[PDB]
>>> print(open('entry10.json').read())   # JSON, C-alpha atoms and all ligand atoms
[["chain", "number", "residue", "atom", "x", "y", "z"],
["A", 30, "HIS", "CA", 111.85, 99.71, 111.03],
["A", 31, "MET", "CA", 109.43, 100.14, 108.23],
["A", 32, "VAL", "CA", 106.15, 98.61, 109.35],
["A", 33, "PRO", "CA", 103.83, 101.25, 110.83],
["A", 34, "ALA", "CA", 102.56, 100.47, 114.29],
["A", 35, "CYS", "CA", 98.98, 99.30, 114.38],
["A", 36, "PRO", "CA", 96.54, 98.55, 117.17],
["A", 37, "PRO", "CA", 96.11, 94.88, 117.87],
["A", 38, "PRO", "CA", 94.35, 93.13, 115.03],
["A", 39, "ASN", "CA", 90.59, 92.84, 115.46],
["A", 40, "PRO", "CA", 89.33, 89.14, 115.15],
["A", 41, "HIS", "CA", 85.92, 90.14, 113.92],
["A", 42, "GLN", "CA", 87.48, 91.99, 110.91],
["A", 43, "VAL", "CA", 89.52, 88.93, 110.23],
["A", 44, "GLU", "CA", 86.35, 86.82, 110.20],
["A", 45, "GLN", "CA", 84.69, 89.29, 107.77],
["A", 46, "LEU", "CA", 87.64, 89.15, 105.44],
["A", 47, "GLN", "CA", 87.44, 85.33, 105.49],
["A", 48, "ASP", "CA", 83.79, 85.42, 104.62],
["A", 49, "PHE", "CA", 84.57, 87.88, 101.76],
["A", 50, "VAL", "CA", 87.23, 85.64, 100.34],
["A", 51, "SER", "CA", 85.02, 82.56, 100.70],
["A", 52, "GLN", "CA", 82.36, 84.26, 98.65],
["A", 53, "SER", "CA", 84.87, 84.83, 95.79],
["A", 54, "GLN", "CA", 85.98, 82.33, 93.08],
["A", 55, "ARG", "CA", 87.96, 84.69, 90.87],
["A", 56, "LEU", "CA", 89.66, 87.25, 93.21],
["A", 57, "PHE", "CA", 91.26, 90.34, 91.67],
["A", 58, "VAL", "CA", 94.07, 91.58, 93.90],
["A", 59, "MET", "CA", 95.82, 94.91, 94.01],
["A", 60, "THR", "CA", 98.98, 95.46, 96.15],
["A", 61, "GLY", "CA", 101.12, 98.38, 97.12],
["A", 62, "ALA", "CA", 104.16, 99.18, 99.16],
["A", 63, "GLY", "CA", 102.63, 97.93, 102.40],
["A", 64, "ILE", "CA", 102.95, 94.37, 101.31],
["A", 65, "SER", "CA", 106.77, 94.72, 101.31],
["A", 66, "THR", "CA", 107.45, 96.70, 104.55],
["A", 67, "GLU", "CA", 107.81, 93.25, 106.28],
["A", 68, "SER", "CA", 110.57, 92.53, 103.76],
["A", 69, "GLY", "CA", 112.51, 95.58, 104.84],
["A", 70, "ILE", "CA", 111.41, 97.88, 101.96],
["A", 71, "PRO", "CA", 110.01, 101.17, 103.27],
["A", 72, "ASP", "CA", 106.67, 102.49, 102.10],
["A", 73, "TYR", "CA", 105.91, 106.13, 101.15],
["A", 74, "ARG", "CA", 102.91, 107.38, 103.07],
["A", 75, "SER", "CA", 102.55, 105.52, 106.38],
["A", 76, "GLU", "CA", 102.01, 108.18, 108.97],
["A", 77, "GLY", "CA", 105.19, 108.66, 111.03],
["A", 78, "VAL", "CA", 107.18, 106.11, 109.06],
["A", 79, "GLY", "CA", 106.93, 106.25, 105.23],
["A", 80, "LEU", "CA", 109.53, 107.84, 103.06],
["A", 81, "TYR", "CA", 107.35, 110.97, 102.35],
["A", 82, "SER", "CA", 105.98, 111.30, 105.86],
["A", 83, "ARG", "CA", 109.25, 110.98, 107.74],
["A", 84, "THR", "CA", 112.17, 111.79, 105.40],
["A", 85, "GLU", "CA", 113.41, 114.24, 102.89],
["A", 86, "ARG", "CA", 112.96, 111.81, 99.97],
["A", 87, "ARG", "CA", 111.56, 113.45, 96.80],
["A", 88, "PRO", "CA", 110.82, 111.27, 93.79],
["A", 89, "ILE", "CA", 112.61, 112.27, 90.55],
["A", 90, "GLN", "CA", 110.32, 113.85, 87.87],
["A", 91, "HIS", "CA", 110.32, 111.92, 84.47],
["A", 92, "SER", "CA", 110.72, 115.13, 82.43],
["A", 93, "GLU", "CA", 113.82, 116.12, 84.50],
["A", 94, "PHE", "CA", 115.37, 112.68, 83.96],
["A", 95, "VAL", "CA", 114.73, 112.85, 80.19],
["A", 96, "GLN", "CA", 115.90, 116.51, 79.81],
["A", 97, "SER", "CA", 118.92, 116.71, 82.13],
["A", 98, "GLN", "CA", 122.13, 114.68, 81.86],
["A", 99, "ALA", "CA", 123.10, 115.85, 85.34],
["A", 100, "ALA", "CA", 119.81, 114.58, 86.86],
["A", 101, "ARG", "CA", 120.47, 111.20, 85.24],
["A", 102, "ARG", "CA", 123.86, 111.11, 86.81],
["A", 103, "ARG", "CA", 122.57, 111.85, 90.26],
["A", 104, "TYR", "CA", 119.77, 109.27, 89.93],
["A", 105, "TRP", "CA", 122.08, 106.57, 88.73],
["A", 106, "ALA", "CA", 124.80, 107.12, 91.20],
["A", 107, "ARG", "CA", 122.29, 106.64, 94.03],
["A", 108, "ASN", "CA", 120.67, 103.63, 92.37],
["A", 109, "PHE", "CA", 124.13, 102.07, 91.82],
["A", 110, "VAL", "CA", 125.03, 102.36, 95.48],
["A", 111, "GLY", "CA", 121.71, 100.99, 96.67],
["A", 112, "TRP", "CA", 121.46, 98.08, 94.15],
["A", 113, "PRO", "CA", 123.28, 95.32, 96.14],
["A", 114, "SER", "CA", 120.90, 95.67, 99.15],
["A", 115, "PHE", "CA", 117.80, 96.47, 97.16],
["A", 116, "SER", "CA", 118.25, 93.50, 94.92],
["A", 117, "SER", "CA", 118.68, 91.16, 97.95],
["A", 118, "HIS", "CA", 115.23, 91.68, 99.59],
["A", 119, "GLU", "CA", 113.05, 88.55, 99.87],
["A", 120, "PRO", "CA", 109.34, 87.99, 99.66],
["A", 121, "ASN", "CA", 107.49, 87.66, 102.93],
["A", 122, "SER", "CA", 104.63, 85.43, 104.04],
["A", 123, "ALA", "CA", 102.08, 87.83, 102.42],
["A", 124, "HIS", "CA", 103.60, 87.41, 98.89],
["A", 125, "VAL", "CA", 103.86, 83.62, 99.55],
["A", 126, "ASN", "CA", 100.30, 83.30, 100.53],
["A", 127, "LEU", "CA", 99.02, 85.20, 97.50],
["A", 128, "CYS", "CA", 101.01, 82.83, 95.35],
["A", 129, "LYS", "CA", 99.31, 79.87, 97.14],
["A", 130, "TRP", "CA", 95.96, 81.41, 96.27],
["A", 131, "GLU", "CA", 96.89, 81.53, 92.69],
["A", 132, "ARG", "CA", 98.05, 77.84, 92.75],
["A", 133, "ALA", "CA", 94.67, 76.95, 94.13],
["A", 134, "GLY", "CA", 92.82, 78.71, 91.25],
["A", 135, "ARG", "CA", 91.14, 81.30, 93.51],
["A", 136, "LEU", "CA", 93.27, 84.39, 92.58],
["A", 137, "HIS", "CA", 92.21, 85.50, 89.19],
["A", 138, "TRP", "CA", 94.83, 88.19, 88.64],
["A", 139, "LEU", "CA", 97.11, 90.41, 90.68],
["A", 140, "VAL", "CA", 98.26, 93.92, 89.91],
["A", 141, "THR", "CA", 101.04, 95.53, 91.86],
["A", 142, "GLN", "CA", 102.20, 99.10, 92.15],
["A", 143, "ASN", "CA", 105.48, 97.89, 93.59],
["A", 144, "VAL", "CA", 108.77, 97.93, 91.66],
["A", 145, "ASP", "CA", 110.61, 95.53, 93.97],
["A", 146, "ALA", "CA", 110.23, 92.20, 92.06],
["A", 147, "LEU", "CA", 109.07, 90.43, 95.19],
["A", 148, "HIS", "CA", 105.80, 89.05, 93.74],
["A", 149, "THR", "CA", 107.92, 87.66, 90.89],
["A", 150, "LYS", "CA", 110.45, 86.16, 93.31],
["A", 151, "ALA", "CA", 107.62, 84.53, 95.17],
["A", 152, "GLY", "CA", 106.31, 82.98, 91.92],
["A", 153, "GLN", "CA", 103.17, 84.97, 91.14],
["A", 154, "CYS", "CA", 102.51, 84.16, 87.46],
["A", 155, "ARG", "CA", 99.13, 85.96, 86.98],
["A", 156, "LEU", "CA", 100.78, 89.28, 87.60],
["A", 157, "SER", "CA", 100.96, 92.77, 86.21],
["A", 158, "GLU", "CA", 103.61, 95.19, 87.36],
["A", 159, "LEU", "CA", 101.71, 98.38, 86.99],
["A", 160, "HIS", "CA", 104.66, 100.71, 87.51],
["A", 161, "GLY", "CA", 107.42, 98.44, 86.13],
["A", 162, "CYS", "CA", 110.30, 96.96, 88.03],
["A", 163, "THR", "CA", 113.69, 98.24, 89.09],
["A", 164, "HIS", "CA", 115.27, 94.92, 87.99],
["A", 165, "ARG", "CA", 114.75, 95.95, 84.35],
["A", 166, "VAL", "CA", 116.39, 98.67, 82.34],
["A", 167, "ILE", "CA", 115.05, 100.19, 79.10],
["A", 168, "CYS", "CA", 116.74, 102.28, 76.40],
["A", 169, "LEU", "CA", 114.76, 105.55, 75.67],
["A", 170, "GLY", "CA", 116.10, 105.44, 72.15],
["A", 171, "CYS", "CA", 115.40, 101.92, 70.86],
["A", 172, "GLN", "CA", 113.18, 100.43, 73.65],
["A", 173, "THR", "CA", 115.55, 97.46, 74.21],
["A", 174, "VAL", "CA", 114.99, 95.89, 77.67],
["A", 175, "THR", "CA", 117.95, 94.53, 79.67],
["A", 176, "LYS", "CA", 118.61, 93.22, 83.18],
["A", 177, "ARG", "CA", 119.58, 95.70, 85.93],
["A", 178, "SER", "CA", 122.00, 93.09, 87.40],
["A", 179, "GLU", "CA", 123.96, 93.28, 84.11],
["A", 180, "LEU", "CA", 124.20, 97.07, 84.25],
["A", 181, "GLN", "CA", 126.03, 96.92, 87.61],
["A", 182, "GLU", "CA", 129.09, 95.33, 86.11],
["A", 183, "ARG", "CA", 129.15, 98.06, 83.54],
["A", 184, "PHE", "CA", 128.92, 100.77, 86.21],
["A", 185, "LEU", "CA", 131.91, 99.19, 87.97],
["A", 186, "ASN", "CA", 134.16, 99.22, 84.81],
["A", 187, "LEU", "CA", 133.17, 102.77, 83.97],
["A", 188, "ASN", "CA", 133.53, 104.19, 87.53],
["A", 189, "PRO", "CA", 136.28, 102.11, 89.11],
["A", 190, "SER", "CA", 136.99, 104.92, 91.76],
["A", 191, "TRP", "CA", 133.50, 104.28, 93.16],
["A", 192, "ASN", "CA", 134.64, 100.73, 94.01],
["A", 193, "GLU", "CA", 137.78, 101.50, 96.19],
["A", 206, "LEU", "CA", 123.84, 113.26, 96.61],
["A", 207, "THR", "CA", 124.80, 116.52, 94.58],
["A", 208, "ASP", "CA", 126.42, 117.41, 91.17],
["A", 209, "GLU", "CA", 129.84, 118.04, 92.77],
["A", 210, "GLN", "CA", 130.02, 114.57, 94.51],
["A", 211, "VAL", "CA", 128.95, 112.94, 91.14],
["A", 212, "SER", "CA", 131.51, 114.60, 88.68],
["A", 213, "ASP", "CA", 133.58, 111.24, 88.46],
["A", 214, "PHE", "CA", 130.30, 109.28, 87.72],
["A", 215, "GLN", "CA", 129.43, 108.25, 84.24],
["A", 216, "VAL", "CA", 126.44, 106.41, 83.15],
["A", 217, "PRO", "CA", 126.74, 103.46, 80.65],
["A", 218, "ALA", "CA", 124.92, 104.08, 77.24],
["A", 219, "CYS", "CA", 122.68, 101.57, 75.40],
["A", 220, "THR", "CA", 124.94, 98.97, 73.72],
["A", 221, "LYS", "CA", 122.56, 98.61, 70.68],
["A", 222, "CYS", "CA", 122.21, 102.29, 69.81],
["A", 223, "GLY", "CA", 124.14, 104.51, 72.23],
["A", 224, "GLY", "CA", 120.89, 105.94, 73.66],
["A", 225, "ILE", "CA", 119.91, 106.80, 77.24],
["A", 226, "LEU", "CA", 119.17, 104.04, 79.69],
["A", 227, "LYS", "CA", 116.42, 104.33, 82.40],
["A", 228, "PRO", "CA", 115.08, 101.87, 84.97],
["A", 229, "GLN", "CA", 111.91, 100.41, 83.44],
["A", 230, "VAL", "CA", 109.77, 102.08, 86.17],
["A", 231, "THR", "CA", 107.16, 104.78, 85.89],
["A", 232, "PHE", "CA", 108.82, 107.97, 87.24],
["A", 233, "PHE", "CA", 106.62, 110.82, 88.63],
["A", 234, "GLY", "CA", 104.78, 112.50, 85.74],
["A", 235, "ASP", "CA", 105.30, 109.63, 83.30],
["A", 236, "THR", "CA", 102.03, 107.73, 82.80],
["A", 237, "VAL", "CA", 101.41, 103.92, 82.45],
["A", 238, "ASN", "CA", 101.05, 102.78, 78.74],
["A", 239, "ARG", "CA", 97.40, 102.83, 77.79],
["A", 240, "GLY", "CA", 97.42, 99.34, 76.17],
["A", 241, "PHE", "CA", 98.89, 97.90, 79.33],
["A", 242, "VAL", "CA", 96.21, 99.64, 81.40],
["A", 243, "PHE", "CA", 93.54, 98.43, 79.08],
["A", 244, "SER", "CA", 94.83, 94.78, 79.34],
["A", 245, "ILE", "CA", 94.55, 94.97, 83.16],
["A", 246, "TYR", "CA", 91.02, 96.24, 82.98],
["A", 247, "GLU", "CA", 90.26, 93.31, 80.62],
["A", 248, "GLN", "CA", 91.38, 90.89, 83.44],
["A", 249, "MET", "CA", 89.08, 92.64, 85.81],
["A", 250, "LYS", "CA", 86.00, 91.91, 83.75],
["A", 251, "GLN", "CA", 86.02, 88.31, 84.75],
["A", 252, "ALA", "CA", 86.75, 88.78, 88.45],
["A", 253, "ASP", "CA", 84.07, 88.45, 91.12],
["A", 254, "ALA", "CA", 85.64, 90.44, 93.91],
["A", 255, "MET", "CA", 88.54, 92.78, 94.60],
["A", 256, "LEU", "CA", 91.06, 92.77, 97.41],
["A", 257, "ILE", "CA", 93.46, 95.65, 97.99],
["A", 258, "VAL", "CA", 96.49, 94.89, 100.18],
["A", 259, "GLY", "CA", 98.95, 97.44, 101.43],
["A", 260, "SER", "CA", 98.15, 100.64, 99.46],
["A", 261, "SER", "CA", 96.93, 104.05, 100.57],
["A", 262, "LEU", "CA", 95.51, 104.39, 97.02],
["A", 263, "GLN", "CA", 96.43, 108.07, 97.14],
["A", 264, "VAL", "CA", 97.98, 107.72, 93.68],
["A", 265, "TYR", "CA", 95.36, 107.77, 90.96],
["A", 266, "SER", "CA", 97.31, 105.14, 88.96],
["A", 267, "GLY", "CA", 96.17, 102.59, 91.58],
["A", 268, "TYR", "CA", 92.87, 104.12, 92.81],
["A", 269, "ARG", "CA", 91.45, 103.94, 89.30],
["A", 270, "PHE", "CA", 91.25, 100.15, 89.57],
["A", 271, "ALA", "CA", 89.10, 100.38, 92.79],
["A", 272, "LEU", "CA", 86.81, 102.86, 90.89],
["A", 273, "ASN", "CA", 86.63, 100.27, 88.12],
["A", 274, "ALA", "CA", 85.66, 97.54, 90.56],
["A", 275, "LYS", "CA", 82.83, 99.69, 91.84],
["A", 276, "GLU", "CA", 81.64, 100.24, 88.21],
["A", 277, "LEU", "CA", 81.65, 96.48, 87.73],
["A", 278, "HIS", "CA", 79.60, 96.02, 90.85],
["A", 279, "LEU", "CA", 82.36, 93.97, 92.53],
["A", 280, "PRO", "CA", 82.57, 93.71, 96.29],
["A", 281, "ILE", "CA", 85.79, 95.36, 97.55],
["A", 282, "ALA", "CA", 87.84, 94.49, 100.62],
["A", 283, "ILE", "CA", 90.96, 96.23, 102.00],
["A", 284, "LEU", "CA", 93.75, 94.87, 104.16],
["A", 285, "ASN", "CA", 95.77, 97.90, 105.14],
["A", 286, "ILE", "CA", 97.12, 99.44, 108.35],
["A", 287, "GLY", "CA", 96.31, 103.06, 107.56],
["A", 288, "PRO", "CA", 93.39, 104.86, 105.91],
["A", 289, "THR", "CA", 92.93, 104.52, 102.15],
["A", 290, "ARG", "CA", 91.29, 106.54, 99.50],
["A", 291, "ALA", "CA", 88.93, 103.62, 98.80],
["A", 292, "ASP", "CA", 87.68, 103.12, 102.42],
["A", 293, "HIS", "CA", 84.32, 104.54, 101.41],
["A", 294, "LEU", "CA", 83.96, 101.81, 98.65],
["A", 295, "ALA", "CA", 84.91, 98.83, 100.73],
["A", 296, "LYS", "CA", 82.58, 96.30, 102.15],
["A", 297, "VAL", "CA", 85.21, 95.01, 104.58],
["A", 298, "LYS", "CA", 88.29, 96.76, 105.95],
["A", 299, "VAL", "CA", 90.98, 95.02, 108.10],
["A", 300, "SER", "CA", 93.48, 97.42, 109.71],
["A", 301, "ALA", "CA", 96.26, 95.02, 110.45],
["A", 302, "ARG", "CA", 99.70, 93.86, 109.26],
["A", 303, "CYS", "CA", 99.04, 91.90, 106.14],
["A", 304, "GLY", "CA", 101.62, 89.11, 107.11],
["A", 305, "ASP", "CA", 99.54, 88.54, 110.34],
["A", 306, "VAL", "CA", 96.24, 88.16, 108.51],
["A", 307, "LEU", "CA", 96.72, 86.56, 105.13],
["A", 308, "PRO", "CA", 98.20, 83.29, 106.37],
["A", 309, "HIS", "CA", 94.86, 82.78, 108.16],
["A", 310, "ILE", "CA", 92.65, 83.03, 105.23],
["A", 311, "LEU", "CA", 91.68, 79.61, 103.99],
["A", 312, "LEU", "CA", 90.73, 78.58, 100.54],
["A", 313, "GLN", "CA", 88.96, 75.47, 101.62],
["B", 1, "LIG", "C1", 105.18, 105.29, 90.44],
["B", 1, "LIG", "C2", 105.58, 104.79, 91.84],
["B", 1, "LIG", "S1", 106.70, 103.49, 92.11],
["B", 1, "LIG", "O1", 104.86, 105.37, 92.80],
["B", 1, "LIG", "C3", 105.08, 104.91, 94.11],
["B", 1, "LIG", "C4", 104.05, 103.81, 94.51],
["B", 1, "LIG", "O2", 103.85, 102.71, 93.51],
["B", 1, "LIG", "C5", 102.83, 104.68, 94.59],
["B", 1, "LIG", "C6", 101.63, 104.18, 95.41],
["B", 1, "LIG", "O3", 102.02, 103.99, 96.75],
["B", 1, "LIG", "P1", 101.51, 102.87, 97.61],
["B", 1, "LIG", "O4", 100.03, 102.97, 97.81],
["B", 1, "LIG", "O5", 102.03, 101.57, 97.09],
["B", 1, "LIG", "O6", 102.27, 103.19, 98.96],
["B", 1, "LIG", "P2", 101.76, 104.11, 100.24],
["B", 1, "LIG", "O7", 101.06, 105.26, 99.61],
["B", 1, "LIG", "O8", 103.05, 104.32, 100.94],
["B", 1, "LIG", "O9", 100.75, 103.21, 100.99],
["B", 1, "LIG", "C7", 101.16, 101.97, 101.66],
["B", 1, "LIG", "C8", 100.11, 101.55, 102.64],
["B", 1, "LIG", "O10", 100.48, 100.33, 103.32],
["B", 1, "LIG", "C9", 100.13, 100.38, 104.71],
["B", 1, "LIG", "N1", 101.07, 99.38, 105.27],
["B", 1, "LIG", "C10", 102.38, 99.47, 105.41],
["B", 1, "LIG", "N2", 102.84, 98.32, 105.87],
["B", 1, "LIG", "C11", 101.81, 97.45, 105.96],
["B", 1, "LIG", "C12", 101.71, 96.15, 106.33],
["B", 1, "LIG", "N3", 102.79, 95.41, 106.68],
["B", 1, "LIG", "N4", 100.52, 95.56, 106.32],
["B", 1, "LIG", "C13", 99.38, 96.28, 105.93],
["B", 1, "LIG", "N5", 99.47, 97.61, 105.57],
["B", 1, "LIG", "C14", 100.73, 98.15, 105.57],
["B", 1, "LIG", "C15", 100.31, 101.85, 105.08],
["B", 1, "LIG", "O11", 99.44, 102.08, 106.15],
["B", 1, "LIG", "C16", 99.88, 102.61, 103.82],
["B", 1, "LIG", "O12", 98.47, 102.99, 103.83],
["B", 1, "LIG", "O13", 103.26, 106.07, 95.04],
["B", 1, "LIG", "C17", 104.70, 106.20, 94.98],
["B", 1, "LIG", "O14", 105.21, 107.64, 94.42],
["B", 2, "ZN", "ZN", 119.11, 101.73, 72.57]]
>>> encode(input="entry10.json", output="structure tokens")
Amino acid sequence: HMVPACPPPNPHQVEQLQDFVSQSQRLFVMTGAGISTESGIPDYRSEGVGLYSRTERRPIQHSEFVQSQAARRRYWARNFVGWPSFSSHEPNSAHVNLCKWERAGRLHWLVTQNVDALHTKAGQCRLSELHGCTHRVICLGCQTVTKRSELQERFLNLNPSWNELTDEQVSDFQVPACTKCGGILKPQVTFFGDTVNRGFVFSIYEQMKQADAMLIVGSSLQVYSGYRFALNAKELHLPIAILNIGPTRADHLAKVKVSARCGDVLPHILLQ
């Protein structure tokens, strides 16, 4: 399964993370793909187990999606097949506990790199989805945003022989067009080489200014899109803590690092 193996969790690290969280009133939290491996969603870079470490998965480049009809067909045919299982994943105790922390007024804001909607399903309201969400679809022509669940029905009517990975296998596969303008639809996620909207970025940094600490959960921070927010914490003179099984790009900035499954540790952190 998808959770990398980890030595047994060290109690002293756990204690230091508690003390970190106790010192905070306005925690800024960043999560990545490690917070959803316990929900059955694989991560990308866990050594020996992530999609890029262990498999032939290559992300799609944005510019190829935008410039090639055939690339769009291959993308969408795979996304169509995977949607019923992908859409059925549930939040795990880590997402649930972060939502508790928000209810208690101790989590100031959370940013995720994940596109899986799990923080939303769990009920995290003070949330930014840094890379978007696969449950939303956007037209490249008019910017209208629709629900992915609604697109599925449309895929079924257009490709009824698929209800009975190369260009040849995808020939009988047609992609629904935008119903407002006839333009190209895309999952409202940040593909490789596309960049996050600068006003959105700027609004997340604005939430940081009032935090008093940062916690990173379940990200390698290898992608600059996420690591920049740890850099920003350091510029704000915020203490940083990490709860992550493998190494991260921010390990040198952290005051406290807990190498442990996040669903084993978070339920133990108390707010009183
Ligand atoms: C634009 C897009 S969607 O980019 C995606 C993604 O948003 C982005 C950033 O990736 P990430 O940091 O979210 O994911 P990854 O680099 O795979 O790191 C996940 C980390 O989680 C750790 N981990 C694994 N399961 C656990 C666990 N249950 N408890 C605690 N630690 C865990 C792993 O050790 C690993 O260091 O890169 C991709 O191309
Ligand atoms: Zn449109």
>>> residues_near_ligand(input="entry10.json", ligand="ligand LIG 1 (chain B)", cutoff="7 Å", atoms="all atoms listed in the file", output="ChimeraX atom specification")
/A:32-33,60-67,72-75,79,88,142-144,160,230-233,258-264,267,284-289,301-304
>>> closest_residue(input="entry10.json", among="A:46, A:125, A:218, A:154", to="ligand ZN 2 (chain B)", atoms="all atoms listed in the file")
A:218
>>> residues_near_ligand(input="entry10.json", ligand="ligand ZN 2 (chain B)", cutoff="10 Å", atoms="all atoms listed in the file", output="ChimeraX atom specification")
/A:167-174,218-226
>>> atom_distance(input="entry10.json", atom1="CA of residue 124 in chain A", atom2="CA of residue 138 in chain A")
13.5 Å
>>> residues_around(input="entry10.json", residues="range 238-242 of chain A", least_positions_apart="4", cutoff="10 Å", atoms="all atoms listed in the file", output="count of residues only")
9
>>> atom_distance(input="entry10.json", atom1="CA of residue 148 in chain A", atom2="CA of residue 117 in chain A")
13.7 Å
>>> closest_residue(input="entry10.json", among="A:229, A:82, A:114, A:145", to="residue 175 in chain A", atoms="only C-alpha atoms")
A:229
>>> closest_residue(input="entry10.json", among="A:206, A:245, A:100, A:299", to="residue 155 in chain A", atoms="only C-alpha atoms")
A:245
>>> closest_residue(input="entry10.json", among="A:84, A:186, A:68, A:90", to="residue 146 in chain A", atoms="all atoms listed in the file")
A:68
>>> residues_near_point(input="entry10.json", point="(84.5, 83.9, 95.3)", cutoff="12 Å", atoms="all atoms listed in the file", output="ChimeraX atom specification")
/A:46-57,130,134-137,251-256,279-281,312-313
>>> residues_around(input="entry10.json", residues="residue 308 in chain A", least_positions_apart="5", cutoff="8 Å", atoms="only C-alpha atoms", output="ChimeraX atom specification")
/A:122-123,126
>>> closest_residue(input="entry10.json", among="A:278, A:83, A:150, A:250", to="residue 294 in chain A", atoms="only C-alpha atoms")
A:278
>>> atom_distance(input="entry10.json", atom1="CA of residue 249 in chain A", atom2="CA of residue 274 in chain A")
7.6 Å
>>> closest_residue(input="entry10.json", among="A:184, A:131, A:237, A:207", to="residue 58 in chain A", atoms="all atoms listed in the file")
A:131
>>> residues_around(input="entry10.json", residues="residue 298 in chain A", least_positions_apart="6", cutoff="7 Å", atoms="all atoms listed in the file", output="list in words")
residues 42, 282, 283 and 284 of chain A
>>> residues_around(input="entry10.json", residues="residue 92 in chain A", least_positions_apart="4", cutoff="8 Å", atoms="only C-alpha atoms", output="PDB file with C-alpha atoms, in the frame of the given file")
ATOM      1  CA  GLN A  96     115.900 116.510  79.810  1.00  0.00           C
ATOM      2  CA  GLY A 234     104.780 112.500  85.740  1.00  0.00           C
ATOM      3  CA  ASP A 235     105.300 109.630  83.300  1.00  0.00           C
TER       4      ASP A 235
END
